[PDB]
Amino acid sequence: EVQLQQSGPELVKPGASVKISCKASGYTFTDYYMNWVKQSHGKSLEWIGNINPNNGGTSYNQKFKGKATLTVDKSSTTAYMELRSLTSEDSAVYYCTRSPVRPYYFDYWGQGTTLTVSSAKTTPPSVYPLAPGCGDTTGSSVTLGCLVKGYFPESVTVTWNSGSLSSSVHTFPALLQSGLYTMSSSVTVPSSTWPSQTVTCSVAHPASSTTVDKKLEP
């Protein structure tokens, strides 16, 4: 139905510029204001500004005046947001959200765009299989894991067997240290499917465009 597909994550050096797209679909694109909301880590939502797709009627925020530039294309129904003079504060998640003129609510949002502003080198993640020992007591359920060590930025995705199944997967948040992140993943699966069948964790790092798959071995 109504979908707002934004662009992927971006790692950019301070002082440079960055552009974010927003492919809108499922509705009449010219019938609604296109807004952009900023969300800092652990902070609240922050309205950057809107734009009228008809004539490019941009209405910015005083806090973002000269900081953000909204554009629009009707030929492909896609709204863009450009940012210049990038700092550490701009390192936040950005959403493009549809809104009527009245009442001015944000009915449909985008999936989000993770922006990281740092001069730190793009570091590939180290994937190390976290398997239980051979001396452990096999109970009604076995917990497995996969370790991701030393990568940048926080853009990473750990999947398990093409997302089937994952009804008991505990994913642990990334921790930052010495300019590199480190996270871990776990999954609780019964003992009647291990080590009989095949279980493999997939670690994907979009910023470095890498994908390492590791199968668990006892």
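Residue numbers run from 1 along the displayed sequence.
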Looking only at CA atoms, which has the higher mean B factor in the entry: 207 to 215 or 2 to 10?
-> 207 to 215
Higher average CA B factor in the deposited record is what I'm after, so tell me if that's 25 to 33 or 162 to 170.
-> 162 to 170
Of the residues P190, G150, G57, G66, the one whose Cα carries the largest B-factor in the deposited record is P190
Among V93, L130, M81, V117, which residue carries the highest C-alpha B-factor recorded in the PDB entry?
-> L130
Going by the recorded CA B-factors, say which third of the chain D136 sits in, lowest, middle or highest.
-> highest
Chain thirds of CA B-factor: placement of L176 | highest
Would you please rank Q62 by its C-alpha temperature factor against the other modelled residues of its chain and give the third it falls in: lowest, middle or highest?
-> middle
Record-listed C-alpha B factor of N52: chain third | lowest
Should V72 be placed in the lowest, middle or highest third of its chain by the C-alpha B factor in the entry?
-> lowest
